[PDB]
Structure formats: structure tokens, C-alpha cells
file my_file01.cif (mmCIF, C-alpha atoms; chains and numbers go by the auth columns)
data_structure
#
loop_
_atom_site.group_PDB
_atom_site.id
_atom_site.type_symbol
_atom_site.label_atom_id
_atom_site.label_comp_id
_atom_site.label_asym_id
_atom_site.label_seq_id
_atom_site.Cartn_x
_atom_site.Cartn_y
_atom_site.Cartn_z
_atom_site.B_iso_or_equiv
_atom_site.auth_seq_id
_atom_site.auth_asym_id
ATOM 1 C CA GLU A 1 2.191 29.304 48.008 0.00 138 A
ATOM 2 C CA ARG A 2 1.048 25.823 49.013 0.00 139 A
ATOM 3 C CA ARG A 3 -2.389 27.167 49.962 0.00 140 A
ATOM 4 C CA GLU A 4 -2.811 28.580 46.453 0.00 141 A
ATOM 5 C CA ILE A 5 -1.847 25.204 44.976 0.00 142 A
ATOM 6 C CA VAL A 6 -4.369 23.444 47.224 0.00 143 A
ATOM 7 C CA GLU A 7 -7.119 25.893 46.262 0.00 144 A
ATOM 8 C CA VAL A 8 -6.303 25.475 42.565 0.00 145 A
ATOM 9 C CA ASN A 9 -6.432 21.696 42.977 0.00 146 A
ATOM 10 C CA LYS A 10 -9.815 21.935 44.707 0.00 147 A
ATOM 11 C CA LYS A 11 -11.183 24.176 41.951 0.00 148 A
ATOM 12 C CA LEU A 12 -9.843 21.785 39.309 0.00 149 A
ATOM 13 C CA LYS A 13 -11.482 18.849 41.083 0.00 150 A
ATOM 14 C CA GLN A 14 -14.818 20.681 41.216 0.00 151 A
ATOM 15 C CA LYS A 15 -14.531 21.529 37.519 0.00 152 A
ATOM 16 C CA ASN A 16 -13.706 17.896 36.721 0.00 153 A
ATOM 17 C CA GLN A 17 -16.738 16.751 38.714 0.00 154 A
ATOM 18 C CA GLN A 18 -18.993 19.110 36.752 0.00 155 A
ATOM 19 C CA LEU A 19 -17.322 17.894 33.554 0.00 156 A
ATOM 20 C CA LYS A 20 -18.074 14.267 34.426 0.00 157 A
ATOM 21 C CA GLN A 21 -21.659 15.207 35.290 0.00 158 A
ATOM 22 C CA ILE A 22 -22.040 16.795 31.850 0.00 159 A
ATOM 23 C CA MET A 23 -20.338 13.874 30.096 0.00 160 A
ATOM 24 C CA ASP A 24 -22.736 11.420 31.739 0.00 161 A
ATOM 25 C CA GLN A 25 -25.742 13.111 30.134 0.00 162 A
ATOM 26 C CA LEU A 26 -23.802 13.542 26.881 0.00 163 A
ATOM 27 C CA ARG A 27 -23.055 9.830 26.523 0.00 164 A
ATOM 28 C CA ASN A 28 -26.586 9.009 27.686 0.00 165 A
ATOM 29 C CA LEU A 29 -28.032 11.104 24.859 0.00 166 A
ATOM 30 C CA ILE A 30 -25.553 9.593 22.391 0.00 167 A
ATOM 31 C CA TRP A 31 -26.536 6.050 23.385 0.00 168 A
ATOM 32 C CA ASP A 32 -30.239 6.918 23.292 0.00 169 A
ATOM 33 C CA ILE A 33 -30.069 8.428 19.803 0.00 170 A
ATOM 34 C CA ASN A 34 -27.800 5.736 18.347 0.00 171 A
ATOM 35 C CA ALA A 35 -29.982 2.971 19.800 0.00 172 A
ATOM 36 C CA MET A 36 -33.353 4.492 18.891 0.00 173 A
ATOM 37 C CA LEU A 37 -32.470 5.369 15.296 0.00 174 A
ATOM 38 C CA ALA A 38 -31.176 1.794 14.938 0.00 175 A
ATOM 39 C CA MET A 39 -34.551 0.165 15.650 0.00 176 A
ATOM 40 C CA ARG A 40 -36.075 2.073 12.718 0.00 177 A
ATOM 41 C CA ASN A 41 -37.973 0.165 10.024 0.00 178 A
ATOM 42 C CA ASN B 1 -60.746 16.520 -6.534 0.00 8 B
ATOM 43 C CA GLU B 2 -62.263 18.019 -9.678 0.00 9 B
ATOM 44 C CA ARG B 3 -65.533 16.110 -9.223 0.00 10 B
ATOM 45 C CA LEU B 4 -66.232 17.978 -5.974 0.00 11 B
ATOM 46 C CA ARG B 5 -65.799 21.366 -7.649 0.00 12 B
ATOM 47 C CA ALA B 6 -67.895 20.075 -10.559 0.00 13 B
ATOM 48 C CA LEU B 7 -70.772 19.115 -8.257 0.00 14 B
ATOM 49 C CA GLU B 8 -70.492 22.431 -6.400 0.00 15 B
ATOM 50 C CA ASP B 9 -70.638 24.372 -9.668 0.00 16 B
ATOM 51 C CA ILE B 10 -73.584 22.226 -10.782 0.00 17 B
ATOM 52 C CA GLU B 11 -75.487 23.065 -7.592 0.00 18 B
ATOM 53 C CA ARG B 12 -74.668 26.770 -7.926 0.00 19 B
ATOM 54 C CA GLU B 13 -75.810 26.660 -11.560 0.00 20 B
ATOM 55 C CA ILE B 14 -79.062 24.918 -10.598 0.00 21 B
ATOM 56 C CA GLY B 15 -79.729 27.640 -8.039 0.00 22 B
ATOM 57 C CA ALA B 16 -78.902 30.346 -10.577 0.00 23 B
ATOM 58 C CA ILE B 17 -81.178 28.668 -13.131 0.00 24 B
ATOM 59 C CA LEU B 18 -84.055 28.605 -10.646 0.00 25 B
ATOM 60 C CA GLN B 19 -83.462 32.286 -9.863 0.00 26 B
ATOM 61 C CA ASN B 20 -83.289 33.159 -13.570 0.00 27 B
ATOM 62 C CA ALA B 21 -86.502 31.254 -14.302 0.00 28 B
ATOM 63 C CA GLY B 22 -88.269 33.083 -11.480 0.00 29 B
ATOM 64 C CA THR B 23 -86.989 36.462 -12.658 0.00 30 B
ATOM 65 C CA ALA B 24 -87.938 35.726 -16.275 0.00 31 B
ATOM 66 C CA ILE B 25 -91.452 34.651 -15.276 0.00 32 B
ATOM 67 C CA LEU B 26 -91.783 37.821 -13.190 0.00 33 B
ATOM 68 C CA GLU B 27 -90.590 40.090 -16.004 0.00 34 B
ATOM 69 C CA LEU B 28 -92.816 38.358 -18.566 0.00 35 B
ATOM 70 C CA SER B 29 -95.946 38.424 -16.395 0.00 36 B
ATOM 71 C CA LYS B 30 -95.412 41.965 -15.068 0.00 37 B
ATOM 72 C CA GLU B 31 -96.425 43.818 -18.241 0.00 38 B
ATOM 73 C CA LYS B 32 -96.333 43.453 -22.014 0.00 39 B
ATOM 74 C CA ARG B 33 -88.693 43.243 -23.844 0.00 43 B
ATOM 75 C CA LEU B 34 -85.991 40.664 -23.088 0.00 44 B
ATOM 76 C CA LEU B 35 -88.498 38.233 -21.548 0.00 45 B
ATOM 77 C CA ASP B 36 -88.179 35.788 -24.455 0.00 46 B
ATOM 78 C CA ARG B 37 -84.379 35.656 -24.266 0.00 47 B
ATOM 79 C CA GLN B 38 -84.569 35.403 -20.470 0.00 48 B
ATOM 80 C CA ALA B 39 -86.967 32.448 -20.623 0.00 49 B
ATOM 81 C CA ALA B 40 -84.812 30.769 -23.276 0.00 50 B
ATOM 82 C CA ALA B 41 -81.687 31.182 -21.139 0.00 51 B
ATOM 83 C CA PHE B 42 -83.524 29.895 -18.060 0.00 52 B
ATOM 84 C CA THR B 43 -84.762 26.801 -19.900 0.00 53 B
ATOM 85 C CA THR B 44 -81.282 26.169 -21.317 0.00 54 B
ATOM 86 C CA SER B 45 -79.676 26.495 -17.879 0.00 55 B
ATOM 87 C CA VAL B 46 -82.271 24.167 -16.337 0.00 56 B
ATOM 88 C CA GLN B 47 -81.617 21.598 -19.069 0.00 57 B
ATOM 89 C CA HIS B 48 -77.860 21.938 -18.536 0.00 58 B
ATOM 90 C CA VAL B 49 -78.232 21.453 -14.775 0.00 59 B
ATOM 91 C CA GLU B 50 -80.392 18.376 -15.371 0.00 60 B
ATOM 92 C CA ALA B 51 -77.822 16.968 -17.805 0.00 61 B
ATOM 93 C CA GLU B 52 -74.982 17.597 -15.346 0.00 62 B
ATOM 94 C CA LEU B 53 -76.929 15.910 -12.544 0.00 63 B
ATOM 95 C CA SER B 54 -77.676 12.907 -14.766 0.00 64 B
ATOM 96 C CA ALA B 55 -74.021 12.652 -15.807 0.00 65 B
ATOM 97 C CA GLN B 56 -72.808 12.849 -12.203 0.00 66 B
ATOM 98 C CA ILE B 57 -75.338 10.198 -11.174 0.00 67 B
ATOM 99 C CA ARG B 58 -74.159 8.029 -14.091 0.00 68 B
ATOM 100 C CA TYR B 59 -70.675 7.724 -12.635 0.00 69 B
ATOM 101 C CA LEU B 60 -68.367 4.709 -12.845 0.00 70 B
ATOM 102 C CA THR B 61 -69.665 3.400 -9.474 0.00 71 B
ATOM 103 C CA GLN B 62 -66.192 2.596 -8.170 0.00 72 B
ATOM 104 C CA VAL B 63 -67.028 -0.158 -5.669 0.00 73 B
ATOM 105 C CA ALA B 64 -70.611 -0.158 -4.327 0.00 74 B
ATOM 106 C CA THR B 65 -69.791 -3.501 -2.676 0.00 75 B
ATOM 107 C CA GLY B 66 -67.784 -2.805 0.486 0.00 76 B
ATOM 108 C CA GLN B 67 -65.726 -0.222 2.326 0.00 77 B
ATOM 109 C CA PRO B 68 -63.203 0.884 -0.321 0.00 78 B
ATOM 110 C CA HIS B 69 -59.718 2.380 -0.005 0.00 79 B
ATOM 111 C CA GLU B 70 -59.162 0.523 3.264 0.00 80 B
ATOM 112 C CA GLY B 71 -56.005 1.705 5.010 0.00 81 B
ATOM 113 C CA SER B 72 -55.128 5.397 5.269 0.00 82 B
ATOM 114 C CA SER B 73 -51.339 4.995 5.549 0.00 83 B
ATOM 115 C CA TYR B 74 -51.473 4.426 9.304 0.00 84 B
ATOM 116 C CA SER B 75 -47.926 3.047 9.237 0.00 85 B
ATOM 117 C CA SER B 76 -46.591 6.352 7.902 0.00 86 B
ATOM 118 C CA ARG B 77 -48.608 8.240 10.523 0.00 87 B
ATOM 119 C CA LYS B 78 -47.099 6.144 13.308 0.00 88 B
ATOM 120 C CA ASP B 79 -43.607 6.542 11.843 0.00 89 B
ATOM 121 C CA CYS B 80 -44.014 10.323 11.748 0.00 90 B
ATOM 122 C CA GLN B 81 -45.303 10.286 15.330 0.00 91 B
ATOM 123 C CA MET B 82 -42.260 8.310 16.462 0.00 92 B
ATOM 124 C CA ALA B 83 -39.941 10.679 14.591 0.00 93 B
ATOM 125 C CA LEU B 84 -41.560 13.671 16.296 0.00 94 B
ATOM 126 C CA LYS B 85 -41.213 11.931 19.666 0.00 95 B
ATOM 127 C CA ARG B 86 -37.533 11.247 18.962 0.00 96 B
ATOM 128 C CA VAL B 87 -37.007 14.907 18.069 0.00 97 B
ATOM 129 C CA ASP B 88 -38.756 15.991 21.272 0.00 98 B
ATOM 130 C CA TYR B 89 -36.669 13.661 23.442 0.00 99 B
ATOM 131 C CA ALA B 90 -33.492 14.879 21.745 0.00 100 B
ATOM 132 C CA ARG B 91 -34.533 18.477 22.412 0.00 101 B
ATOM 133 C CA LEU B 92 -35.214 17.704 26.077 0.00 102 B
ATOM 134 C CA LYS B 93 -31.854 15.972 26.520 0.00 103 B
ATOM 135 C CA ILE B 94 -30.081 18.834 24.740 0.00 104 B
ATOM 136 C CA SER B 95 -31.789 21.357 27.017 0.00 105 B
ATOM 137 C CA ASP B 96 -30.736 19.322 30.058 0.00 106 B
ATOM 138 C CA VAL B 97 -27.131 19.213 28.833 0.00 107 B
ATOM 139 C CA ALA B 98 -27.263 22.962 28.179 0.00 108 B
ATOM 140 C CA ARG B 99 -28.548 23.613 31.701 0.00 109 B
ATOM 141 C CA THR B 100 -25.746 21.444 33.089 0.00 110 B
ATOM 142 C CA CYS B 101 -23.167 23.356 31.040 0.00 111 B
ATOM 143 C CA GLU B 102 -24.578 26.707 32.171 0.00 112 B
ATOM 144 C CA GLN B 103 -24.406 25.538 35.784 0.00 113 B
ATOM 145 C CA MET B 104 -20.805 24.487 35.117 0.00 114 B
ATOM 146 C CA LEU B 105 -19.615 27.799 33.658 0.00 115 B
#

call {"tool": "encode", "arguments": {"input": "my_file01.cif", "output": "C-alpha cells"}}
result
Amino acid sequence: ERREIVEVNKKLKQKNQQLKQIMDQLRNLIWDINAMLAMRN
Amino acid sequence: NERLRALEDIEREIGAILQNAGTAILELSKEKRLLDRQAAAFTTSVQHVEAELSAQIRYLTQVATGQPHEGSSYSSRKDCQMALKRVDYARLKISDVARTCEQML
């Protein structure tokens, strides 16, 4: 019962960590594109 | 554009006229039909090649003073290079994000 809840919480935390790792690169690419296309001309 | 093809055709015609003159002289001096017409055509082609060469030499002489048409759109070349570099960086970042997502799932 409680062990299953703890394991689910650990899995959710790992998934959230991977999600944040992906979002870091996502926002990095967004900033890079939006800042490089702005210096055009 | 068309002047290059014109000069190439003029050179080919000069070569053909030389060949035709040689062949006509050979046929006329071999023994004694169409040698007269052949010699006439060879002379006409030689005169035409000479006229074409004289006309090409008597061109408008665009500049003849300095290096003309200075500037080969280097700005556009650099802009295209930067656009290609942007596309490449976007592709690399997208591949990195895809690898991260694949490692996630």
C-alpha cells in the first residue's frame, strides 16, 4: 500500500526530472532561435 | 550569354570552313564535278567567318578602363551562409532534444 505510493512518487519524480532536463534544452533552443533571427538585417 | 555561344559557333564555322576549303582543293586538284560549288561555298564560309570575327572584335568595349562589375553580391552570399548555419544549429538542437526525449520514454 504505502510502498506502492512511495514507488509511484519516486517514478513521478524521476519523470519530472527528465521532463525538466528536456524543457531546459527546449527553452534554450527557443531563446537561441528567437534571438538569432532577431539580429537579421 | 548569347555572345559566348556566338563566338563558339563562329570558331566552329571557321574550322568547318578551313576543312571545306581543304576538301574542295583536294577534290579539284585530284582529277578533272562539284569542285566549283565546293570552292564557292568554302570562300563564302571563310568570308562569313572573317565578318563574324570582325563584328565580334568591333564590340561596344564596355569598360576597358578598370575592373568592371565590382562586387559579386557578397552580402547575399554571407546571408545565405548564415541562414544555412542557423538551419544546421536548429537541426543539431532538435536532434539533441529528440535524443533526450527518447532517453525519457

call {"tool": "interface_residues", "arguments": {"input": "my_file01.cif", "of": "chain A", "to": "chain B", "cutoff": "12 Å", "atoms": "all atoms listed in the file", "output": "ChimeraX atom specification"}}
result
/A:148,151-174,176-178

call {"tool": "atom_distance", "arguments": {"input": "my_file01.cif", "atom1": "CA of residue 26 in chain B", "atom2": "CA of residue 13 in chain B"}}
result
19.8 Å

call {"tool": "atom_distance", "arguments": {"input": "my_file01.cif", "atom1": "CA of residue 50 in chain B", "atom2": "CA of residue 19 in chain B"}}
result
18.8 Å

call {"tool": "atom_distance", "arguments": {"input": "my_file01.cif", "atom1": "CA of residue 60 in chain B", "atom2": "CA of residue 10 in chain B"}}
result
16.2 Å

call {"tool": "resolve_selection", "arguments": {"input": "my_file01.cif", "expression": "the PyMOL selection byres ((chain B and resi 54) around 12)", "output": "CSV table (one decimal) with C-alpha atoms, in the coordinates of the input"}}
result
chain,number,residue,atom,x,y,z
B,20,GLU,CA,-75.8,26.7,-11.6
B,21,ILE,CA,-79.1,24.9,-10.6
B,23,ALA,CA,-78.9,30.3,-10.6
B,24,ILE,CA,-81.2,28.7,-13.1
B,25,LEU,CA,-84.1,28.6,-10.6
B,27,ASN,CA,-83.3,33.2,-13.6
B,28,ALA,CA,-86.5,31.3,-14.3
B,47,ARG,CA,-84.4,35.7,-24.3
B,48,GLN,CA,-84.6,35.4,-20.5
B,49,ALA,CA,-87.0,32.4,-20.6
B,50,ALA,CA,-84.8,30.8,-23.3
B,51,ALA,CA,-81.7,31.2,-21.1
B,52,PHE,CA,-83.5,29.9,-18.1
B,53,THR,CA,-84.8,26.8,-19.9
B,55,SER,CA,-79.7,26.5,-17.9
B,56,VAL,CA,-82.3,24.2,-16.3
B,57,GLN,CA,-81.6,21.6,-19.1
B,58,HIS,CA,-77.9,21.9,-18.5
B,59,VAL,CA,-78.2,21.5,-14.8
B,60,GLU,CA,-80.4,18.4,-15.4
B,61,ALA,CA,-77.8,17.0,-17.8

call {"tool": "axis_aligned_box", "arguments": {"input": "my_file01.cif", "around": "range 148-163 of chain A", "padding_each_side": "5 Å", "output": "JSON"}}
result
{"center_x": -17.8, "center_y": 17.8, "center_z": 34.4, "size_x": 25.9, "size_y": 22.8, "size_z": 25.1}
